[PDB]
Amino acid sequence: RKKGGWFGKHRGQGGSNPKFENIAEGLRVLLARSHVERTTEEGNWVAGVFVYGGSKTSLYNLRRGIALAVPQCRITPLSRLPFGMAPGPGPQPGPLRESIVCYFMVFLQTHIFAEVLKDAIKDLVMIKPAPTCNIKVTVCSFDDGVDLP
Amino acid sequence: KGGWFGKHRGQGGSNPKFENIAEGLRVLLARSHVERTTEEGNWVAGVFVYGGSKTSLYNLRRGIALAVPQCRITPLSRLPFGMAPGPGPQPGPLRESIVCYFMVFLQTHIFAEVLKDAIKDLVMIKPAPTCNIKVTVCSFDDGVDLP
DNA sequence: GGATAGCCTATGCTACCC
DNA sequence: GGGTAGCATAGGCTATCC
């Protein structure tokens, strides 16, 4: 029985469906309690949200969800994390060595909404079963902003 | 002519090309012997590098790894679009461009600043596309728990 | 809503060209 | 040291499973 190959939707062209819509609605409810400004007139991307861990699929679905809930943001594809510190006095891994742990980046126009978005993702995720509850989120601040093309 | 050389993702070593870029960086980083590590060892800061071209970004990445053993670096990935100009609707948050980026993780913000300065100065005397590479210092409120 | 199959195509990697 | 070729294997995407 089926199970897909090519569906004519390229990188970044993801549509919607109940699964991603339901995730988005979870975010929207939380976000609606904090009705803060998500845009500025200048429109620069001065803040971000760095999301990682859990599992590839759970991260992916979260990314798809955020996208539907927040048209005012911009989101990278999933990518991978390098390793952290090795314990003890020994040698460390090279800076390029990559792990199995994924991450994605959300860009935002206001610092205020970045904080709220971060809170919402945490709360959305903290009550769900593993691996989704293990998804970590941190606000990310850009000194000079980012010139998204 | 190359195909498979046995080197998987993240395993890249060194050669004259990358070491040359690394030495350029080392000289510049030597302008400011600030602390690059903490006792706690948390990844609280970074630099966000993007633009130029795929290859010039890539080569920079390789060079930084050789010049800065104390950092950790993502693979290259892609940027989503910004604001669309004028009358049209905005692109979806997921739509991706051709512009690449990578992230460097650091344990101190003070060195992030120096690393950024180093990259800008390293790149501004070069021709396009490399001179068009953009850098910003990056700060993680709650840090990043790199595996 | 997480995990997977399976086409498309992205990057990581190296050595070659110049 | 920028652009490339070309294997390996990342992810984006979907429907199907359950």
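Reckoned from all heavy atoms, side chains included, excluding hydrogens, waters and symmetry mates. Residue numbers start from 1 in every chain, and the chains themselves are labelled A, B, ... in the order their sequence lines are given, proteins ahead of strands.
Remark: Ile64(B) CD1 to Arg62(B) CZ distance equals 12.0 Å, nearest 0.5 Å. The CG atom of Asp143(A) sits 4.5 Å away from atom NE2 of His109(B), with the distance rounded to the nearest 0.5 Å. With rounding to the nearest 0.5 Å, the separation of CD in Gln109(A) from CD in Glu42(A) is 8.0 Å.
Remark: the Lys3(A) side chain and the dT4(C) base include a donor-acceptor N/O pair separated by less than 3.5 Å.
As judged by a 4.0 angstrom heavy-atom cut-off over every strand, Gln11(B) is placed among residues touching the sugar-phosphate backbone only. When heavy atoms are screened at a 4.0 angstrom cut-off, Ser77(B) is found touching no nucleic acid atom at all. Using a 4.0 Å heavy-atom distance criterion, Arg95(B) is classed as making no nucleic acid contact. Counting any heavy atom pair closer than 4.0 Å across all strands shown, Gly12(A) reaches sugar-phosphate atoms only and no base atom. Contacts of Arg11(A) with the nucleic acid, taken as non-hydrogen atoms under 4.0 Å apart, involve only primed sugar atoms and P, OP1 or OP2. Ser58(A) comes within 4.0 angstrom of the backbone, heavy atoms only, and of no base. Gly13(B) comes within 4.0 angstrom of the backbone, heavy atoms only, and of no base.
Phosphate contact (OP1/OP2 of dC13(D), side-chain N/O of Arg64(A), threshold under 4.0 Å): present.
For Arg78(B), taking side-chain heavy atoms from C-beta onward, the closest of the listed nucleotides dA10(C), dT4(C), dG12(C) is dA10(C). Each of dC13(C), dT9(D), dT16(D) was ranked by its minimum atom distance to the side chain of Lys19(A); first place goes to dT16(D). With distances taken from any side-chain atom of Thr132(A) to the nucleotides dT16(D), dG1(D), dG2(C), the minimum falls on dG2(C). When distances are taken from the side chain of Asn61(A) to each of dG1(C), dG1(D), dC13(D), the shortest belongs to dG1(C). Which of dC13(D), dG12(C), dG2(D) sits closest to the side chain of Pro129(B) comes down to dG2(D).
Pucker annotation for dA15(D) reads south, on the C2'-endo side, since its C1'-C2'-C3'-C4' dihedral is below zero. Sugar pucker of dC7(C): south, since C1'-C2'-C3'-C4' comes out negative.
Two residues, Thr57(A) and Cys100(B), neighbour DNA chain C, and the one matched to the more 5' nucleotide by heavy-atom proximity is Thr57(A). Closest-nucleotide positions on DNA chain C for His10(A) and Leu62(A) were compared, and the one nearer the 5' end corresponds to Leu62(A).
No single ILVMFWY cluster, assembled from side-chain heavy atoms under 4.5 Å apart, contains both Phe142(A) and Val47(B).
Ring pair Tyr58(B)/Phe18(B) is perpendicular by interplanar angle, where above 60° counts as perpendicular and below 30° as parallel.
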